[PDB]
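Below is one structure, written out as structure tokens; the observations come after it.
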Number of protein chains: 2
Amino acid sequence: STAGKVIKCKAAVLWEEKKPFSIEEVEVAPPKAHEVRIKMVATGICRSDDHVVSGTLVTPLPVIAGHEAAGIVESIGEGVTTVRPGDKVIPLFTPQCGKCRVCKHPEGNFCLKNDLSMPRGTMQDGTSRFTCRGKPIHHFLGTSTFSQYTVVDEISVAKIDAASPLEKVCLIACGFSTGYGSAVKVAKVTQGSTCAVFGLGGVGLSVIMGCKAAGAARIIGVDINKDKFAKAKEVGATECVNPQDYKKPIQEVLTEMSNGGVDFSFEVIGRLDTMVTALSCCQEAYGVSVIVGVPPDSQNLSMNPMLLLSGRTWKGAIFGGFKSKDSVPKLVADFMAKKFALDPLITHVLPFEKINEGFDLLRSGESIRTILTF
Amino acid sequence: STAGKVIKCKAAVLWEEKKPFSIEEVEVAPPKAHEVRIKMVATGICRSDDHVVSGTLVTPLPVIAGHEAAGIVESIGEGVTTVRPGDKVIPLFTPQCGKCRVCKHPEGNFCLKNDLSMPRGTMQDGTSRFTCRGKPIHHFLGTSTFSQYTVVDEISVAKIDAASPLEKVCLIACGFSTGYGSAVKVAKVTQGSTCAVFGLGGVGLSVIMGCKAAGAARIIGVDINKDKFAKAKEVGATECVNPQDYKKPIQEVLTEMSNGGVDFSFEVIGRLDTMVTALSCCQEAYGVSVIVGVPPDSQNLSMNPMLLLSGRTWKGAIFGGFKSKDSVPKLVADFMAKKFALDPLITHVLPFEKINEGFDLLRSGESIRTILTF
Ligand SMILES: NC(=O)c1ccc[n+]([C@@H]2O[C@H](COP(=O)([O-])OP(=O)([O-])OC[C@H]3O[C@@H](n4cnc5c(N)[nH+]cnc54)[C@H](O)[C@@H]3O)[C@@H](O)[C@H]2O)c1
Ligand SMILES: NC(=O)c1ccc[n+]([C@@H]2O[C@H](COP(=O)([O-])OP(=O)([O-])OC[C@H]3O[C@@H](n4cnc5c(N)[nH+]cnc54)[C@H](O)[C@@H]3O)[C@@H](O)[C@H]2O)c1
Ligand SMILES: OCc1c(F)c(F)c(F)c(F)c1F
Ligand SMILES: OCc1c(F)c(F)c(F)c(F)c1F
Ligand SMILES: [Zn+2]
Ligand SMILES: [Zn+2]
Ligand SMILES: [Zn+2]
Ligand SMILES: [Zn+2]
């Protein structure tokens, strides 16, 4: 009945930086060839969504943000083969076109169709499916999950288990998979190792979960908000440190604590200074440091390349290094089989209409993940 | 007999920065416990030695530099078990104590006993075995090979094949092993891959040799001195490019040439700008860049961490990642077994007395390695 028709629905439109979202009617065009229109069920609030508001992340405005979500297919465009109406699906903010050199590479996941490197805020065809007040509205990362209905390219959606609890597994769409993969896949954390995790939000807690799953003997959480330490310990941190407690720089503190540097460190904040501090605190000859946090737009860090010459490895990743369409259904299956927990990341639940309250909770420091229900 | 006695011999003393070496008589103390006194046979001239002269590398002066050499044990101190008088040996500018957390680590080589990070210019015991005109003279990296005789700690020497041609295998002490291992061990170059090698001196040519040995399909040499290209092709470069020939930055040229970025890039120069160019020219999702070149003292580079967040790996290494005492004898055995060639690296052979002429050949661009013979 809605197939092939424009849908009027509520979305959270961001008209301007540093402003509340406006919950208002939008028009959602039907899907074109190899497009999928989804009725959203649940979306998380990730700090990257907040980066759009703050201008830390630059993407064209006005926009419908949101990238951490799950929903139910309303309709498919011509030529779609991988989902059907009524399927539970996760929009993939990192696409998997399956055809580019990255998709073909055994270790690549940052598909060349992404809209992250140089955001256009469109569908793959360079156009928008969203109208508000008669004006075209940008997409975000090909997902735009802050809407009762979105339209995504086929390469940006994965079918997931029909018995999935969508209010939980939406976290597999970003924060859990990112943090857990950054530990298990990107860093390849080893049994008995010492890890340091900078930033104890949803993503950093997910890194801790991955380090614990990998067998790390010591997992040191690092946050300037000590209110984050209890949850970090619950999911596997062996100890937590607040840089503000120490006269010396925290890289020196962590080097002392680890008797000469940690095996694996993770930047899970988004600061240039903590990206360098995290590199420095891993052991100089064999340490590995993984950048997870999103840096501020167009800003360069400064570092001494002797940190690398001695033997350190420095790397970053999007989405925990997971090939998105292959991995999201497997992660959902593994969650169904209790191979990892998502509840420790969910601190608050709100209706979608209380999105601004959700962002207030993240900005105050209170929440980890707020899950919004449509 | 010289054993147990001071030796007066000839050495190349560097009294201050940016001056010629002084070829003159020094006194060489006998070895103390766990020390080895070596009659030098051949030493290479590595750019790192020139860095001490130029002040690119800071180490206490006055100094007997030189770190790429081979010789014959003259005597051993109490408690030495791994070499004997008459043995061919290579001094190890990266030690292998065998006891430290790095030496115990399967992928560590930068032994904590090294004299690189925070150079003291002494033996392990914090004293010098060298005097000249009544003045104590510093060691360099535990090796000091620009002397007819040196004294090294046991952990800084490896016994090698008695039939070794020391005028060739001296290059296994630094430049060959560094470049080859940087490709085969540190980058882990894959069969069929595309490599970019920045700097086509002795070390960069050894990187090419390693990339070819690893089966790379394409090996692009990059140098501002086109006179370096012919020998780069001889040892495996498939293409060579001179940045000065192009209007665009060379990272853009190399990304275009490799249809979206190289698999593996290597900085083998020692410039901050080429370290960032080399990182940028590797494919953004799965590329690997290795820093080999020694950066100038205390200078930071500037870079955009989005280069790593997309999926790049950035690493560095000393001595090609090789655990020095285990590896050197095996590398010399492999050379003896015709597994790789060293002659392509040797452009000049001079008496030791012509050390300054050897440095002038390096600085002018003419030479790859000059071997000095005692
Ligand atoms: N690479 C990816 O694919 C990916 C995915 C998801 C999130 N991100 C980014 O990862 C970062 C973390 O996201 P999140 O967990 O949702 O955010 P969050 O909940 O804001 O957590 C960040 C944590 O960092 C802490 N913090 C802030 N400053 C400092 C400091 N100077 N030192 C130590 N701790 C500090 C802060 O108190 C908070 O608990 C953000 O930059 C995201 O944009 C990246
Ligand atoms: N990591 C290690 O363990 C290790 C070992 C040995 C040498 N090194 C360092 O490796 C570097 C190379 O040593 P080497 O091969 O003996 O030196 P080299 O023979 O002087 O070779 C350097 C090459 O770089 C070329 N070059 C200079 N500037 C540029 C530029 N802007 N762009 C492109 N090419 C340029 C130059 O023409 C020359 O052919 C030096 O910095 C050494 O100190 C490090
Ligand atoms: O949180 C995931 C995430 C990222 F990791 C980014 F690098 C990015 F630009 C972005 F928009 C995003 F949502
Ligand atoms: O060429 C080898 C070499 C290095 F790689 C250094 F980092 C250094 F400091 C040095 F003195 C040296 F000789
Ligand atoms: Zn792709
Ligand atoms: Zn996110
Ligand atoms: Zn050691
Ligand atoms: Zn050298």
Side-chain angles (χ1 to χ4, degrees), chain A residues 275-276 279-280 282-289 291 300-316, chain B residues 46-48 51 56-57 93-94 107-110 114 116-117 174-175 177-189 195-208 210-211 220-223 243 250-251 254 261-284 287-305 307-308 312-322:
Chain A
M275 290 168 191
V276 179
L279 175 68
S280 302
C282 75
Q283 200 289 323
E284 66 180 357
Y286 57 74
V288 175
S289 189
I291 307 181
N300 283 9
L301 61 77
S302 175
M303 59 82 71
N304 183 333
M306 287 300 315
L307 290 174
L308 297 175
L309 195 67
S310 49
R312 296 184 178 81
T313 302
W314 203 14
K315 68 203 306 183
Chain B
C46 176
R47 178 63 71 167
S48 302
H51 293 336
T56 283
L57 262 181
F93 78 81
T94 302
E107 311 298 320
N109 76 328
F110 189 55
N114 79 76
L116 280 76
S117 298
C174 183
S177 309
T178 294
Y180 191 87
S182 293
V184 308
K185 183 166 186 72
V186 179
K188 302 176 189 61
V189 172
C195 297
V197 181
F198 289 75
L200 303 173
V203 188
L205 291 169
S206 302
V207 174
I208 293 172
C211 292
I220 306 166
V222 185
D223 203 302
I250 199 75
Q251 56 195 47
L254 290 164
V262 305
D263 297 290
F264 306 95
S265 66
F266 302 85
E267 200 284 3
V268 206
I269 305 156
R271 297 178 53 91
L272 299 181
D273 57 2
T274 44
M275 287 170 194
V276 180
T277 290
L279 172 69
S280 303
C281 79
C282 80
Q283 202 285 328
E284 64 177 356
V288 173
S289 190
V290 180
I291 301 184
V292 187
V294 175
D297 182 70
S298 292
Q299 299 188 26
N300 288 355
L301 62 77
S302 175
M303 61 79 72
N304 186 324
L307 294 177
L308 294 173
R312 292 182 183 81
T313 305
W314 204 10
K315 62 203 311 190
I318 303 291
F319 196 52
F322 283 120

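Letters go in sequence order (proteins before strands), and every chain restarts at 1. Atom set for the values below is all heavy atoms of this structure, side chains included, hydrogens, waters and symmetry mates excluded.
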Task: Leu308(A) CG to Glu267(B) CD distance, which is reported to the nearest 0.5 Å - done: 11.5 Å
- [ ] Report the distance from atom CD1 of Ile269(B) to atom CD1 of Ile291(B), rounding to the nearest 0.5 Å.
- [x] 11.5 Å
- [ ] Take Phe198(B) and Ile250(B) through the test side chain to side chain contact (heavy atoms under 4.5 Å, CB included) and record every step on the way to the result.
- [x] CA-CA 10 Å; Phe198(B) 289 75; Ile250(B) 199 75; 3.9 Å; yes
Task: Gap separating the OG atom of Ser298(B) from the CE atom of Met306(A), nearest 0.5 angstrom - done: 10.5 Å
Task: Rounded distance [0.5 Å steps], NZ in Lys188(B) versus OG1 in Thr313(B) - done: 10.0 Å
- [ ] Kindly give the heavy-atom pair with the smallest separation between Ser310(A) and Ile318(B), and that separation in Å.
- [x] CA-CG1, 4.3 Å
Open item on the list: Minimum heavy-atom separation for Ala317(B) and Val186(B), please, with both atom names.
Closed with: CB-CG2, 3.7 Å
Open item on the list: Can you list everything that forms a ring-ring contact (aromatic ring centres under 6.0 Å, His included) with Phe319(B)? Sequence neighbours excluded, please.
Closed with: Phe93(B)
Open item on the list: Within the 4.5 Å heavy-atom criterion, are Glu284(A) and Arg312(A) side-chain neighbours or not?
Closed with: yes
Task: Closest non-hydrogen atom pair between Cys211(B) and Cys195(B), with its separation - done: SG-SG, 3.5 Å
Task: Gap between atom CE of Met275(A) and atom OG of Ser302(A) - 0.5 Å precision - done: 14.0 Å
Task: CZ on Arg271(B) to CG on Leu301(B), rounded to 0.5 Å - done: 12.5 Å
TODO: Heavy atoms only: give me the nearest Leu272(B)-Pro305(A) pair and the separation to one decimal.
DONE: CD2-CG, 3.7 Å
Tabulate below the donor-acceptor pairs under 3.5 Å that side-chain atoms of residues 177-185 of chain B make, not counting sequence neighbours, or state none.
residue, atom, partner, partner atom, Å
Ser177(B), OG, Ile172(B), O, 2.7
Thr178(B), OG1, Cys174(B), O, 2.8
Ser182(B), OG, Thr178(B), O, 2.7

Open item on the list: How close do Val276(B) and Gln251(B) get, counting heavy atoms only, and between which atoms?
Closed with: O-OE1, 4.4 Å
TODO: Answer yes or no: is there a side-chain heavy-atom contact under 4.5 Å between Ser280(B) and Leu307(B)?
DONE: yes
Open item on the list: Show the nearest heavy-atom pair for residues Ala285(A) and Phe110(B), with the distance to one decimal.
Closed with: CB-CB, 3.8 Å
